[PDB]
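>>> Just the structure for this:
(4 chains, ligands or ions: 3)
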Amino acid sequence: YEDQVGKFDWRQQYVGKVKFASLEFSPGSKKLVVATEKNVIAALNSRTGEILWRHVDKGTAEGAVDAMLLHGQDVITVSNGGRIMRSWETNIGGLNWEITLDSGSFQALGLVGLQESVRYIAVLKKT
Amino acid sequence: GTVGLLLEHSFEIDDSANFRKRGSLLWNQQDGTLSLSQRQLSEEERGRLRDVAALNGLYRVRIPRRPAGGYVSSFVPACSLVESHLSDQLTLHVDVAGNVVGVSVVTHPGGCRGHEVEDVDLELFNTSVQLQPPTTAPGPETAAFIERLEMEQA
Amino acid sequence: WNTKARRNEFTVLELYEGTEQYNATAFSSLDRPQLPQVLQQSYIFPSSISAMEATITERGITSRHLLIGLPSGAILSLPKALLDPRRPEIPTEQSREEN
Amino acid sequence: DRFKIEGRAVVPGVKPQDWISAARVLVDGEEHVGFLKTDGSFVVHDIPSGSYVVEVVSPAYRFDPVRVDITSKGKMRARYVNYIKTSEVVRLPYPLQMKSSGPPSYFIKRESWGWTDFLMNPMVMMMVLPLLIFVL
Ligand SMILES: *[C@@H]1O[C@H](CO)[C@@H](O[C@@H]2O[C@H](CO)[C@@H](O)[C@H](O)[C@H]2NC(C)=O)[C@H](O)[C@H]1NC(C)=O
Ligand SMILES: *[C@@H]1O[C@H](CO)[C@@H](O[C@@H]2O[C@H](CO)[C@@H](O)[C@H](O)[C@H]2NC(C)=O)[C@H](O)[C@H]1NC(C)=O
Ligand SMILES: *[C@@H]1O[C@H](CO)[C@@H](O[C@@H]2O[C@H](CO)[C@@H](O)[C@H](O)[C@H]2NC(C)=O)[C@H](O)[C@H]1NC(C)=O
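Residues are numbered from 1 along each chain as shown, chains lettered A, B, ... in the order given. Ligands and ions are numbered 1, 2, ... in the order given. Let me share the structure:
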């Protein structure tokens, strides 16, 4: 240490191969939300390509991202074969709600609308 | 009670594998003692060991894995076997579940110093046979530390 | 990991020969009839671990350190001199002489 | 059968929106992981019965680990970890209020010894005692 930061050491932040990506955002938001095969959900700065907020997960398959969708400003993810569903606030860089689901293999993820606005999530498992 | 394990030796000019039966090991699992009953070397075997020693060959021991499911074997410089007056020790290492793991042979003293050896020396097998079960490693010592810190606090 | 007490544990094995070396000119694995004595000691590490590798210097003059890789992401530099197995359970004059 | 560990985490003087971006709650050394939501609280799911040390890892501000014992029936409790004499119990409320202890101290300050430190040199005294001996 010795408070000689950056004189000799250097760190590089790397996410894995981009399994699922989301580019749709406000023009001034300048954000990419990407979940990789390394179980990593990260936000990349559009202008320069740097990490804004990164949330790593369990190395094993028990935390693998299986489906991403984006709505408005928060990105919604499913992990551990449909066991957990999370909502991440892309601006702050944290969760909004984390909900466990019942057993059964996840097969498809989508949104629903009542009359004019999307308000619920339809998640389908094999049963 | 007692289980018998075969034990073969081999030594050749070409240092190949020509294992021949040498001795039986009576491993009594109850008291954990092992005793070997080998036959003494013959004239031709003594000669073969002499040439193997001359060429700095190897003396290989081999035992079956089970009392023909496999074998566990090792080797020792045969010229060091003959320069130690046929004084050696073979240790049988097993595991916690009581399965044969390996055999390790080593002479006494090791190495070689060019000592010429007469034939009459090689009519005895001064072999020390031991069985080595896995030694339990000690866990961290907590009682001594807590009592010592209690005395320090008081 | 130690399941009985639920705590990560180290265990240092140090190999020591007798007071006099068997051979100094050269070392041969075929000429080692003396089984080296083993010194063991188990310590408690208060966190998990992810990767270890000792610090290596060209001539080995510099003391040895273990680079403990914690899950948090830090890299602890644990001194190997702390993990000595000869640290007595009761200090004596010999220990004080050796510090 | 499967239970969840709840809790909170607040750093005094700093809003959560500034530090929760790169903080993870670890249940027993990465064997379970969770992420803190916007307000600062955290929830970890899929926890079987046993004993687990929960720590809020964050490079900005450290957090004191807290042990949590959950039983098969469902009752579950929190306490202070102690790897020595583990039989002790020091109860801590379950809605873990793991208040931070400020930024950690990865850095060590420079020595910057002064002349007043040079004043009482053990070497100077141990080499001037012979000087008095040399005179006498
Ligand atoms: C990691 O530590 C370094 C060093 O303490 C931080 O860099 C400091 O950032 C503050 C904030 O602007 C500056 O005032 C200091 O001058 C920086 N230090 C140096 C040596 O330049 C860095 O911000 C820390 N990283 C995080 C994510 O907090
Ligand atoms: C140490 O081990 C060596 C190797 O087994 C012994 O043999 C010596 O090896 C060196 C290097 O090749 C030769 O120069 C010597 O001539 C060898 N000595 C003999 C007697 O042949 C060596 O003897 C061992 N040292 C001691 C003190 O026993
Ligand atoms: C038979 O082999 C044993 C080894 O198991 C020899 O015992 C060693 O003897 C030497 C001196 O003769 C001692 O320095 C060693 O300490 C002994 N070893 C053990 C383990 O006690 C024994 O001498 C050999 N017998 C003959 C006739 O050579």
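>>> From here on, just use CA atoms for contacts and neighbour counts.
OK.
>>> Identify all contacting residues around stretch D:18-28.
With contact meaning CA atoms under 8 Å, 6 or more residues apart in numbering or on different chains, stretch D:18-28 is reached by A:53-55, A:92-94, C:48, D:32-38, D:40, D:42, D:44, D:52-60.
>>> Apply the buried test to those and list what passes.
For the contacts of stretch D:18-28, a neighbour count by 16 or more other CA atoms under 10 Å in any protein chain shown gives the buried set as A:53-55, A:92-94, C:48, D:32-38, D:40, D:42, D:44, D:52-59.
>>> Residue C:95 falls within a helix, correct?
Yes - under DSSP: H, G, I helix; E, B strand; the rest coil, residue C:95 sits within a helix.
>>> That one and residue C:88 touch, don't they?
Yes - if you go by CA atoms under 8 Å, residue C:95 and residue C:88 touch, sitting 7.2 Å apart.
>>> For the residue nearest the centre of chain C, grab phi and psi.
Central residue of chain C (CA atoms, centre = their mean): residue C:12, 4.5 Å from the mean position. Note on residue C:12: backbone dihedrals following degrees, to the nearest 10 are phi -90, psi 130.
>>> Also residue B:9?
Main-chain torsions, residue B:9, degrees, to the nearest 10: phi -120, psi 160.
>>> In chain D, which residue sits nearest chain B?
Proximity of chain D to chain B (CA to the nearest CA) peaks at residue D:84, 6.5 Å away.
>>> thought that residue was touching residue B:140?
No - taking contacts as CA under 8 Å, residue D:84 lies outside contact range of residue B:140: 9.8 Å.
>>> Which element, helix or strand, includes residue B:60?
Assigned by DSSP states H and E, residue B:60 belongs to strand B:58-64.
>>> residues making contact with that strand?
The contact list for strand B:58-64, computed with CA under 8 Å, 6+ apart, reads B:5-12, B:15, B:19, B:52, B:70-79, B:81, B:103, B:105.
>>> How about the contacts made by the residue nearest to the centre of chain C?
C:39-42, C:83-85.
>>> State the distance from the residue nearest in space to the middle of chain B to chain A.
Nearest residue to the geometric centre of chain B (CA atoms, centre = their mean): residue B:90, 1.5 Å. For residue B:90, the distance to chain A equals 45 Å [CA to the nearest CA, to the nearest Å].
>>> ok, that residue - contacts?
Counting by CA under 8 Å, 6+ apart, residue B:90 touches B:103-106, B:127-130.
>>> Same question for stretch C:32-47: list its buried residues.
Judged by neighbour count using 16+ other CA under 10 Å, the buried positions of stretch C:32-47 are C:32-33, C:40-44, C:47.
>>> Residue A:83 is in contact with residue A:63, correct?
No - in this structure, residue A:63 is not within contact of residue A:83 by CA under 8 Å, at 9.0 Å.
>>> of those two, who's got more company?
residue A:63 (22 against 19; other CA atoms under 10 Å in any protein chain shown).
>>> element containing the nearest residue to residue B:54 once chain neighbours are set aside, please.
Once flanking residues are discounted, residue B:54 sits nearest to residue B:79: 6.8 Å by CA to CA, 6 or more residues apart in numbering or on different chains. Assigned by DSSP H and E, residue B:79 falls within helix B:78-82.
>>> so how far is residue C:75 from the residue of chain A found nearest chain D?
Using CA to the nearest CA, the closest approach of chain A to chain D is made by residue A:95 at 4.0 Å. Separation of residue A:95 from residue C:75 (CA to CA, to the nearest Å) stands at 28 Å.
>>> any idea what whichever residue of chain C sits closest to chain D is structurally, helix, strand or coil?
Nearest residue of chain C to chain D (CA to the nearest CA) works out as residue C:48 at 5.0 Å. Taken by three-state DSSP, the conformation at residue C:48 corresponds to coil.
>>> any idea how far residue D:59 is from the nearest residue to it once chain neighbours are set aside?
Of all residues not flanking residue C:48 in the chain, residue D:29 sits nearest, at 5.0 Å (CA to CA, 6+ apart). Distance, residue D:29 to residue D:59, by CA to CA: 16 Å.
>>> May I have the beta-bridge partners of the most centrally placed residue in chain A?
In chain A, the residue lying closest to the centroid (CA atoms, centre = their mean) is residue A:41, at 4.1 Å. Residue A:41 forms beta bridges with residue A:35, residue A:55, as assigned by DSSP bridges.
>>> check contacts around it.
When contacts are counted by CA under 8 Å, 6+ apart, residue A:41 touches A:33-35, A:54-56.
>>> can you do 7 Å?
A:34-35, A:54-56 (CA atoms under 7 Å, 6 or more residues apart in numbering or on different chains).
>>> same question, residue D:125
Listed by CA under 7 Å, 6+ apart, the contact set of residue D:125 is empty.
>>> quick one, phi/psi of the residue of chain C found nearest ligand 3?
Closest to ligand 3 within chain C is residue C:34: 9.5 Å, counting by CA to the nearest ligand atom. Here is the backbone geometry of residue C:34 (degrees, to the nearest 10): phi -90, psi 110.
>>> before we move on, the earlier item: buried subset of the contacts of strand B:58-64?
B:5-12, B:19, B:52, B:72-79, B:81, B:103, B:105.
>>> Could you list which of the buried ones among the contacts of stretch D:18-28 belong to strands?
A:53-55, A:94, D:32-35, D:42, D:44, D:52-57 (DSSP state E).
>>> Between which two of those is the distance greatest?
A:53 and D:52 (27.2 Å; CA to CA).
>>> rewinding a little: following the chain onward from the helix holding residue B:79, which element is next?
Heading C-terminal from helix B:78-82 (DSSP H and E), you reach strand B:87-94.
>>> if you skip the residues just before and after it, what's nearest to residue D:63?
residue D:100 (5.0 Å).
>>> hmm, who's touching stretch C:16-29?
With CA under 7 Å, 6+ apart as the contact definition, stretch C:16-29 has outside contacts at C:36-38.
>>> brain fart, stretch C:50-58
Here stretch C:50-58 makes contact (CA under 7 Å, 6+ apart) with C:64-71.
>>> Next up, the contacts around residue 30.
No chain in the question, so chain A it is. Counted by CA under 7 Å, 6+ apart, residue A:30 has contacts A:45-47.
>>> um, chain C though
B:76-77.
>>> one more time with 6 Å
Going by CA atoms under 6 Å, 6 or more residues apart in numbering or on different chains, residue C:30 touches no other residue.
>>> How far off centre is the longest helix anywhere in chain D?
Counting by DSSP state H, the longest helix found in chain D is helix D:122-135. From the chain centre to the centre of helix D:122-135 is a distance of 47 Å (CA atoms, centre = their mean, to the nearest Å).
>>> Wasn't residue B:146 part of a helix?
Yes - if the criterion is three-state DSSP, then residue B:146 is within a helix.
>>> Tell me how far it lies from residue D:80.
For residue B:146, the distance to residue D:80 - CA to CA - is 17 Å.
>>> for residue C:98, same thing?
Distance from residue C:98 to residue D:80, by CA to CA: 37 Å.
>>> mind saving the C-alpha coords of stretch B:43-56 as PDB?
What follows is stretch B:43-56, C-alpha atoms only, in PDB (Å, rounded to 0.1, in the frame of the first residue of the first chain):
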ATOM      1  CA  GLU B  43      23.000 -69.500  -6.600                       C
ATOM      2  CA  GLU B  44      21.500 -68.400  -9.900                       C
ATOM      3  CA  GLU B  45      19.500 -65.700  -8.200                       C
ATOM      4  CA  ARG B  46      22.600 -64.500  -6.400                       C
ATOM      5  CA  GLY B  47      24.600 -64.400  -9.600                       C
ATOM      6  CA  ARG B  48      21.800 -62.500 -11.400                       C
ATOM      7  CA  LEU B  49      21.700 -60.000  -8.600                       C
ATOM      8  CA  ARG B  50      25.500 -59.700  -8.900                       C
ATOM      9  CA  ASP B  51      25.400 -58.700 -12.500                       C
ATOM     10  CA  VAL B  52      22.500 -56.300 -11.800                       C
ATOM     11  CA  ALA B  53      24.600 -54.700  -9.100                       C
ATOM     12  CA  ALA B  54      27.500 -54.500 -11.500                       C
ATOM     13  CA  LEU B  55      25.500 -52.600 -14.200                       C
ATOM     14  CA  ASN B  56      23.900 -50.300 -11.500                       C
END
